[PDB]
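Read through the structure below, which is laid out as structure tokens, and then see the notes.
Residue numbers (our numbering), protein chains in the order written: chain A, 1 to 18; chain B, 1 to 338.
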């Protein structure tokens, strides 16, 4: 599922500005 | 009063402050350090207690030398100059600002409810009425900011604080800028960047409307429309011209999102001849009473558990570092107007 893919990704925490 | 009457008075109030900014309105010795609420390359945020009042505040601490290395001098002067000049129910208020030999300080109202980010991740997703309630606040906030020629440039759940009434307040004006023409700075957060920013074009306030599309999608889905493990992979997805919606998204939600997450600037909602009304009058917002939202009369779908004005349970733990103040003034000229 897209949810499972998001949760397994390295970008679920607070995101930094570029 | 009407929207126009309100906005005309809002511009007059903003310009007076924009032209003669408030400076050096407090000192570090008027605050007691409580806990570090956040830390990154852009600086730290510290929970402090103001002794004279007993009020709690979120103190943003910037190291002048680090700001210089990060090429953020003009952006920091923008942030403070804009914050001291604005006044809107859904913006975090700048209570005081000052600087010393080593650091710049911006003392903001503290919302123990924390960031929408933490609640969104834990709960998983917000139902359409819940996401709509927050989205309505952002639409009104951008209508206000854009009327003052301000572009925000960092909309995301991490920058949306939840108050004791369940209403939101936009925080972090690190990339906010007063610009009448187009601008070119590559800034923002990967997941929220409009294609025109990625493609190094001159861009305008339409980037904020694109970011609204990303926010609504993330609130309602529980994950962003374009995600990957690395920023380069995110950019490829954004520019590809393709978006997939969860099957639970309503027909009206998908239609609004196609109009906000629109690559063609001659078609993107918020940008067009009718402006913000293209968004306000969309079928997805048919039940939204724009005035009742502004007047804070709508019952919030969620109120964070209140545990005291200095409670920090909605924030993570961070390494506690010293607030070093050199005996020598650093970057005197660069930050003279702060």
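The C-beta atom is built at its ideal place from N, Cα and C for all residues, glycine as well.
Asked, Found
"Residue span of the alpha helix (DSSP H) that contains residue 14 (chain B), given as start and end", "3-19"
"Proximity test, residue 168 (chain B) beta-carbon vs the ligand SAH heavy atom, cut-off 7 Å", "In the structure on display, the ligand SAH does not appear, and there are no ligands present to speak of."
"Minimum Cβ-Cβ distance from residue 312 (chain B) to chain A less than 8 Å", "no"
"Among B:324, B:175, B:164 and B:126, the one whose alpha carbon lies nearest that of residue 345 (chain B)", "This structure gives no information on residue 345 (chain B), because the portion of chain B shown stretches from 1 to 338."
"Which of helix, strand or coil DSSP assigns to residue 51 (chain B)", "coil"
"Spatial neighbours of residue 320 (chain B) in its chain, beta-carbon cut-off 6 Å, leaving aside the 5 residues before and after", "36"
"Neighbouring residues, chain B, relative to residue 17 (chain A) (Cβ below 8 Å)", "42, 154, 174, 175, 187, 188 and 189"
"Distance CB(residue 342 (chain B))-CB(residue 309 (chain B)) smaller than 8 Å", "Only positions 1 to 338 of chain B appear in this structure, which leaves residue 342 (chain B) out of reach."
"Residue 113 (chain B) at chain A interface by Cβ criterion, 8 Å", "no"
"Below-8 Å beta-carbon distance, residue 158 (chain B) vs any chain A residue", "yes"
"Cross-chain neighbours of residue 121 (chain B) in chain A, by beta carbon under 8 Å", "12"
"Where residue 195 (chain B) meets chain A, residues with beta-carbon distance less than 8 Å", "Within 8 Å Cβ-Cβ: nothing; residue 195 (chain B) doesn't reach chain A, min ~15 Å."
"Spatially closest choice to residue 153 (chain B) from B:124, B:128, B:311 and B:214, by CA coordinates", "B:214"
"Chain A contact residues for residue 222 (chain B), given Cβ-Cβ distances below 8 Å", "3 and 6"
"Identity of the residues DSSP links to residue 144 (chain B) by a beta bridge", "The partner list for residue 144 (chain B) (beta bridge, DSSP) is empty, contrary to what the question assumes."
"8 Å Cβ cut-off: residues of chain A touching residue 229 (chain B)", "9, 10 and 11"
"Chain-ordered chain A contacts of residue 117 (chain B) [CB-CB under 8 Å]", "14"
"C-beta contact flag for residue 18 (chain A) and residue 231 (chain B) at 8 Å", "yes"
"Rounded C-alpha distance that separates residue 40 (chain B) from residue 1 (chain B)", "42 Å"
"Backbone secondary structure at residue 94 (chain B) - three-state DSSP", "strand"
"Residue 57 (chain B) and residue 95 (chain B) closer than 8 Å at C-beta", "yes"
"Own chain residues within Cβ distance below 7 Å of residue 237 (chain B), not counting five before or after", "226 and 228"
"Enclosing alpha helix (DSSP H) for residue 56 (chain B) [first to last residue]", "Premise fails: residue 56 (chain B) lies in the beta strand (DSSP E), 56-63, not in any alpha helix (DSSP H)."
"Endpoints, beta strand (DSSP E) assigned at residue 113 (chain B)", "Premise fails: residue 113 (chain B) is in no beta strand (DSSP E) and is neither H nor E."
"Proximal residues to residue 82 (chain B) (C-beta, below 7 Å), its chain only, five neighbours per side dropped", "150, 173, 176 and 178"
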